[PDB]
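The next block holds one structure in the form of structure tokens; read it before the comments.
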Amino acid sequence: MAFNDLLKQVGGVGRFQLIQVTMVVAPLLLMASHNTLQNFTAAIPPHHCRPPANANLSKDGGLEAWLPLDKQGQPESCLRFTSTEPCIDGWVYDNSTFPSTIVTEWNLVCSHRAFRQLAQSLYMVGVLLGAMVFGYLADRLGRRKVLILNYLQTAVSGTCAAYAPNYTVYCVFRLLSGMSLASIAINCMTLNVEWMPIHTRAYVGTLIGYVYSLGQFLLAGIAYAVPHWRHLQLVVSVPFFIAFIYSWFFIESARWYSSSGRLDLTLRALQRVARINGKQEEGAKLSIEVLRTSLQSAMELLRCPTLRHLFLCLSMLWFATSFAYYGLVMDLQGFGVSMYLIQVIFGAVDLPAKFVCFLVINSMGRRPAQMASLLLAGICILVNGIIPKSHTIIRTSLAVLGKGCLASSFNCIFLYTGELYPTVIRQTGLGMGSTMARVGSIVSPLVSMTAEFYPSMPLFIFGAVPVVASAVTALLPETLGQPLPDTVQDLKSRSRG
Ligand SMILES: O=C(O)CCC(=O)C(=O)O
Ligand SMILES: [Cl-]
């Protein structure tokens with residue numbers, strides 16, 4: 001005698017439900033493309049100091065006299081000769097491969113080498129803030145108006161970032177884009193789960209994952225189609241405009257209406273669902289009286305000792321997983337092969353890794369799967385960072401294996417943290433873990449910023465942190481017995497056993 005009873009009465013596989021899920025999961029390809037866009041919209045082409053116009057190249061016999069060479073047989077990327085001196089007349093970029101990126105229009109090079117990483121860090125700060133505050137805003141307003149606001153904000157911010165007079169405007173609009181995009185990312189699954197019955201909830205989760213993979217495909221497709229960054233960003237952001245346009249056709253989740261103390265809206269929504277589903281005859285029996293008889297915290301997380309330890313461990317796990325995943329995904333320039341091919345192979349490797357990880361976690365365990373994922377990924381990143389730049393195919397195979405390992409790690413940590421926490425604070429634990437993953441994704445570009453000290457130290461850290469987290473995760477209890485802890489006391493009793 002719960003909400004699921006009425007949900008099954010009205011259907012569960014009906015036309016409205018399938019249409020709504022296949023409609024709401026649709027912008028997740030644009031989610032993936034927007035998250036990974038910095039690879040194609042901020043690629044660094046080879047460049048050198050432009051010789052001053054005072055000297056003539058006709059009498060100089062070439063451009064070698066006005067440009068010092070580096071050890072790799074290329075003109076120096078930050079110096080120019082006096083007859084040395086830093087760039088004073090700008091930079092010269094080629095157009096053989098990348099017609100234009102941000103580092104060629106606003107010359108984010110030399111002294112301003114860290115500005116692209118700072119912009120990505122600001123986008124991740126926007127992601128964190130648009131999760132933190134928009135979760136409360138959605139809980140206080142709803143799950144449809146918030147979604148349409150997310151659509152509008154992400155589309156407007158994408159277009160405005162595409163047409164940016166300078167770099168500060170770009171960073172601010174990336175902040176706003178992260179806000180809206182994180183909010184839609186965390187509200188899509190919530191609304192879809194809250195409308196689906198029990199089994200189609202897991203079906204919807206798998207659908208969301210597969211759509212993410214298809215989006216990783218679509219990013220490479222668009223990048224091959226559109227090379228210009230000012231046009232690539234516009235092409236990625238345009239379908240979000242029609243998304244906001246047609247997002248008014250969604251139906252709000254009835255569970256949120258019930259939780260708000262009102263049931264007439266719930267009855268109206270269910271009757272509308274039956275009308276779309278065609279089961280008006282069965283939905284007519286629904287009424288306020290029937291619904292009335294059928295519809296019947298972070299402080300303590302850091303207060304309780306065992307809860308505090310468990311939160312610390314889960315925080316480290318989420319932090320390292322997001323760290324490694326974003327750091328490895330957002331670097332497809334120094335891997336030899338072209339960006340589009342490596343990106344499409346990255347998208348292809350996602351699904352088999354997820355299938356293998358699901359088989360492993362349902363076969364032998366979850367914590368050993370997290371071991372064989374995180375430690376393997378860390379070792380892969382270390383050996384990638386130590387392998388000389390000359391090797392290309394080995395580096396690319398290592399990178400795709402690492403991306404598959406990170407996807408498997410993400411799935412395993414989600415499915416493990418879902419059944420770890422007691423039911424009292426499980427949702428808050430999931431939210432805290434997601435926040436820790438987002439702050440790890442915040443810090444990862446900041447770590448990559450430190451490539452000035454050493455060209456390979458960002459990869460070294462990106463590998464090392466997962467290794468430490470894998471060592472840390474060995475102290476977590478195994479949850480193959482499916483005890484499903486209820487409260488803190490139940491957690492304590494099963495901990496000893
Ligand atoms: O592929 C990703 O971006 C995340 C992993 C995934 O498929 C999911 O979280 O559903
Ligand atoms: Cl998120």
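We name chains A, B, ... following the order of the structure tokens; residues begin at 1 in each chain, and ligands are numbered from 1 as shown.
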How would you write, as a list in words, the set of residues no farther than 7 Å from ligand 1 when counting only C-alpha atoms and all ligand atoms?
->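 Counting only C-alpha atoms and all ligand atoms, the residues within 7 Å of ligand 1 come out as residues 32, 205, 206, 208, 209, 210, 212, 213, 350, 407, 410 and 411 of chain A.
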Can you write just those residues out, N, CA, C and O atoms, as an mmCIF file, in the first residue's frame?
```
data_model
loop_
_atom_site.group_PDB
_atom_site.id
_atom_site.type_symbol
_atom_site.label_atom_id
_atom_site.label_comp_id
_atom_site.auth_asym_id
_atom_site.auth_seq_id
_atom_site.Cartn_x
_atom_site.Cartn_y
_atom_site.Cartn_z
ATOM 1 N N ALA A 32 28.337 14.819 -21.769
ATOM 2 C CA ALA A 32 29.675 14.268 -21.975
ATOM 3 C C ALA A 32 30.518 15.174 -22.864
ATOM 4 O O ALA A 32 31.700 15.420 -22.577
ATOM 5 N N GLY A 205 19.211 3.572 -15.006
ATOM 6 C CA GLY A 205 20.615 3.811 -14.698
ATOM 7 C C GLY A 205 21.540 3.293 -15.786
ATOM 8 O O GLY A 205 22.458 3.993 -16.237
ATOM 9 N N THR A 206 21.297 2.059 -16.238
ATOM 10 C CA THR A 206 22.093 1.515 -17.335
ATOM 11 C C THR A 206 21.911 2.325 -18.613
ATOM 12 O O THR A 206 22.875 2.529 -19.364
ATOM 13 N N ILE A 208 21.308 5.520 -18.800
ATOM 14 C CA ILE A 208 22.040 6.766 -18.596
ATOM 15 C C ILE A 208 23.519 6.526 -18.872
ATOM 16 O O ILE A 208 24.177 7.331 -19.542
ATOM 17 N N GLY A 209 24.049 5.413 -18.367
ATOM 18 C CA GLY A 209 25.440 5.083 -18.641
ATOM 19 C C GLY A 209 25.737 4.901 -20.121
ATOM 20 O O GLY A 209 26.723 5.433 -20.658
ATOM 21 N N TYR A 210 24.867 4.147 -20.797
ATOM 22 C CA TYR A 210 25.048 3.918 -22.227
ATOM 23 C C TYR A 210 24.939 5.215 -23.017
ATOM 24 O O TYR A 210 25.655 5.406 -24.008
ATOM 25 N N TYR A 212 25.753 8.177 -21.853
ATOM 26 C CA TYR A 212 27.042 8.829 -21.624
ATOM 27 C C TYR A 212 28.099 8.326 -22.604
ATOM 28 O O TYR A 212 28.873 9.109 -23.170
ATOM 29 N N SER A 213 28.150 7.010 -22.804
ATOM 30 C CA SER A 213 29.104 6.444 -23.757
ATOM 31 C C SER A 213 28.841 6.945 -25.178
ATOM 32 O O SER A 213 29.770 7.324 -25.909
ATOM 33 N N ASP A 350 34.389 2.154 -23.273
ATOM 34 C CA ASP A 350 33.614 2.375 -22.055
ATOM 35 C C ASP A 350 32.705 1.184 -21.760
ATOM 36 O O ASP A 350 32.713 0.649 -20.644
ATOM 37 N N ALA A 407 36.411 3.944 -15.817
ATOM 38 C CA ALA A 407 34.966 3.762 -15.935
ATOM 39 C C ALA A 407 34.486 2.616 -15.051
ATOM 40 O O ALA A 407 33.465 2.733 -14.353
ATOM 41 N N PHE A 410 34.530 3.780 -11.465
ATOM 42 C CA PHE A 410 33.403 4.655 -11.163
ATOM 43 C C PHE A 410 32.138 3.842 -10.926
ATOM 44 O O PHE A 410 31.423 4.047 -9.934
ATOM 45 N N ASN A 411 31.856 2.891 -11.823
ATOM 46 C CA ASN A 411 30.671 2.054 -11.648
ATOM 47 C C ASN A 411 30.744 1.245 -10.358
ATOM 48 O O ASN A 411 29.759 1.159 -9.611
#
```
Please extract the residues at most 8 Å from ligand 2, counting only C-alpha atoms and all ligand atoms, and provide them as a list in words, using the chain letters and residue numbers of this document.
->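 Within the 8 Å cut-off, the matching residues are residues 127, 128, 131, 182, 183, 185, 186, 434 and 438 of chain A.
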May I have the residues within 7 Å of residue 126 (chain A) as JSON, numbers by chain, using only C-alpha atoms and disregarding those fewer than 4 positions away in the same chain?
-> {"A": [122, 130, 175, 176, 178, 179]}
Those selected residues, please, written with N, CA, C and O atoms and delivered as an mmCIF file, in the first residue's frame.
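And here is the file that came out, selection.cif:
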```cif
data_model
loop_
_atom_site.group_PDB
_atom_site.id
_atom_site.type_symbol
_atom_site.label_atom_id
_atom_site.label_comp_id
_atom_site.auth_asym_id
_atom_site.auth_seq_id
_atom_site.Cartn_x
_atom_site.Cartn_y
_atom_site.Cartn_z
ATOM 1 N N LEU A 122 37.930 26.525 -12.741
ATOM 2 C CA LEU A 122 36.768 27.359 -12.458
ATOM 3 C C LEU A 122 35.486 26.704 -12.958
ATOM 4 O O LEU A 122 34.435 26.817 -12.318
ATOM 5 N N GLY A 130 27.037 24.369 -8.400
ATOM 6 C CA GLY A 130 25.754 24.045 -8.988
ATOM 7 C C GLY A 130 25.221 22.691 -8.619
ATOM 8 O O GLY A 130 24.067 22.383 -8.925
ATOM 9 N N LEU A 175 32.123 28.878 -15.390
ATOM 10 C CA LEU A 175 31.570 28.694 -14.050
ATOM 11 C C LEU A 175 30.062 28.472 -14.109
ATOM 12 O O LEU A 175 29.530 27.527 -13.508
ATOM 13 N N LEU A 176 29.359 29.337 -14.842
ATOM 14 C CA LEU A 176 27.906 29.206 -14.950
ATOM 15 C C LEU A 176 27.511 27.911 -15.655
ATOM 16 O O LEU A 176 26.530 27.253 -15.272
ATOM 17 N N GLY A 178 29.192 25.091 -15.677
ATOM 18 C CA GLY A 178 29.364 24.014 -14.719
ATOM 19 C C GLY A 178 28.232 23.957 -13.714
ATOM 20 O O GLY A 178 27.720 22.878 -13.404
ATOM 21 N N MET A 179 27.818 25.120 -13.204
ATOM 22 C CA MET A 179 26.645 25.200 -12.337
ATOM 23 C C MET A 179 25.457 24.461 -12.948
ATOM 24 O O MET A 179 24.973 23.450 -12.410
#
```
Interatomic distance between CA of residue 12 (chain A) and CA of residue 421 (chain A)?
->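 For CA of residue 12 (chain A) relative to CA of residue 421 (chain A), the distance reads 28.5 Å.
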Can you tell me, as a PyMOL selection string, what residues are no more than 12 Å from residue 22 (chain A) when counting only C-alpha atoms, ignoring any on the same chain fewer than 2 positions away?
-> chain A and resi 15-20+24-28+188-189+192+203-205+207-208+210-211+250
Top pick for closest residue to residue 440 (chain A), considering A:382, A:398, A:124, A:276 and counting only C-alpha atoms |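 Smallest separation from residue 440 (chain A) among the options: A:124.
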Within 8 Å of residue 67 (chain A), counting only C-alpha atoms, which residues show up once you throw out same-chain ones fewer than 3 positions away? Write them as a ChimeraX atom specification, please.
-> /A:48-49,51,63-64,75-76,79-81
Env of residue 224 (chain A): 12 Å cut, atoms = only C-alpha atoms, seq-sep filter 2 positions within chain, self excluded. Answer as an mmCIF file with N, CA and C atoms, in the first residue's frame.
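Below is the file out30.cif, written as the result:
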```cif
data_model
loop_
_atom_site.group_PDB
_atom_site.id
_atom_site.type_symbol
_atom_site.label_atom_id
_atom_site.label_comp_id
_atom_site.auth_asym_id
_atom_site.auth_seq_id
_atom_site.Cartn_x
_atom_site.Cartn_y
_atom_site.Cartn_z
ATOM 1 N N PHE A 40 39.273 19.607 -27.288
ATOM 2 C CA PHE A 40 39.217 20.101 -28.657
ATOM 3 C C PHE A 40 39.126 21.616 -28.754
ATOM 4 N N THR A 97 46.633 21.592 -38.513
ATOM 5 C CA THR A 97 45.779 20.651 -37.799
ATOM 6 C C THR A 97 44.635 21.331 -37.064
ATOM 7 N N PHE A 98 44.935 22.311 -36.216
ATOM 8 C CA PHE A 98 43.907 23.025 -35.468
ATOM 9 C C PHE A 98 43.733 24.417 -36.053
ATOM 10 N N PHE A 217 31.065 9.179 -27.894
ATOM 11 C CA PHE A 217 31.141 9.011 -29.348
ATOM 12 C C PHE A 217 30.818 10.315 -30.078
ATOM 13 N N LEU A 218 29.715 10.956 -29.686
ATOM 14 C CA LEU A 218 29.228 12.134 -30.396
ATOM 15 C C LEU A 218 30.210 13.291 -30.309
ATOM 16 N N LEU A 219 30.957 13.388 -29.209
ATOM 17 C CA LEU A 219 31.960 14.442 -29.097
ATOM 18 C C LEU A 219 33.017 14.303 -30.185
ATOM 19 N N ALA A 220 33.532 13.086 -30.377
ATOM 20 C CA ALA A 220 34.506 12.853 -31.437
ATOM 21 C C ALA A 220 33.896 13.113 -32.805
ATOM 22 N N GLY A 221 32.648 12.684 -33.006
ATOM 23 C CA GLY A 221 31.997 12.937 -34.284
ATOM 24 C C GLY A 221 31.896 14.419 -34.601
ATOM 25 N N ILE A 222 31.446 15.211 -33.626
ATOM 26 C CA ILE A 222 31.310 16.650 -33.826
ATOM 27 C C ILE A 222 32.674 17.293 -34.038
ATOM 28 N N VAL A 226 33.395 19.607 -36.935
ATOM 29 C CA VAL A 226 33.610 21.026 -36.683
ATOM 30 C C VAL A 226 34.935 21.194 -35.950
ATOM 31 N N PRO A 227 35.973 21.695 -36.628
ATOM 32 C CA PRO A 227 37.268 21.889 -35.960
ATOM 33 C C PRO A 227 37.401 23.227 -35.244
ATOM 34 N N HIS A 228 36.682 24.246 -35.711
ATOM 35 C CA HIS A 228 36.819 25.585 -35.148
ATOM 36 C C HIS A 228 36.187 25.644 -33.763
ATOM 37 N N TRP A 229 36.951 26.132 -32.780
ATOM 38 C CA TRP A 229 36.473 26.117 -31.399
ATOM 39 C C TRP A 229 35.260 27.021 -31.215
ATOM 40 N N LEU A 232 32.756 24.888 -32.728
ATOM 41 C CA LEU A 232 32.555 23.624 -32.024
ATOM 42 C C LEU A 232 31.730 23.825 -30.759
ATOM 43 N N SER A 338 45.845 11.054 -33.444
ATOM 44 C CA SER A 338 44.966 12.207 -33.584
ATOM 45 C C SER A 338 43.885 12.191 -32.509
ATOM 46 N N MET A 339 43.401 13.388 -32.167
ATOM 47 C CA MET A 339 42.458 13.523 -31.061
ATOM 48 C C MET A 339 41.147 12.798 -31.341
ATOM 49 N N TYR A 340 40.641 12.892 -32.572
ATOM 50 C CA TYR A 340 39.339 12.306 -32.878
ATOM 51 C C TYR A 340 39.364 10.786 -32.757
ATOM 52 N N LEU A 341 40.407 10.144 -33.290
ATOM 53 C CA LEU A 341 40.495 8.689 -33.215
ATOM 54 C C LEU A 341 40.646 8.213 -31.775
ATOM 55 N N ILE A 342 41.511 8.866 -30.996
ATOM 56 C CA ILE A 342 41.688 8.438 -29.615
ATOM 57 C C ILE A 342 40.421 8.690 -28.808
ATOM 58 N N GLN A 343 39.690 9.769 -29.105
ATOM 59 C CA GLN A 343 38.443 10.033 -28.394
ATOM 60 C C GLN A 343 37.378 8.995 -28.732
ATOM 61 N N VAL A 344 37.269 8.610 -30.007
ATOM 62 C CA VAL A 344 36.270 7.605 -30.358
ATOM 63 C C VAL A 344 36.646 6.247 -29.773
#
```
DSSP-assigned strand (DSSP E) members of region 63-126 of chain A, reported as a ChimeraX atom specification | /A:79-80,85-86,91-93
Among A:66, A:123, A:163, A:195, residue 8 (chain A) is approached most closely, using only C-alpha atoms, by A:195
What is the distance between CA of residue 399 (chain A) and CA of residue 312 (chain A), in Å to one decimal?
->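 These two atoms are separated by 29.1 Å.
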Of the listed residues A:155, A:114, A:391, A:46, that which approaches residue 96 (chain A) most closely, counting only C-alpha atoms =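 Answer, going by the shortest atom-to-atom distance: A:46.
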Shortest interatomic distance to residue 82 (chain A) - which of A:65, A:184, A:118, A:194, counting only C-alpha atoms |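 Of A:65, A:184, A:118, A:194, the one nearest residue 82 (chain A), counting only C-alpha atoms, is A:65.
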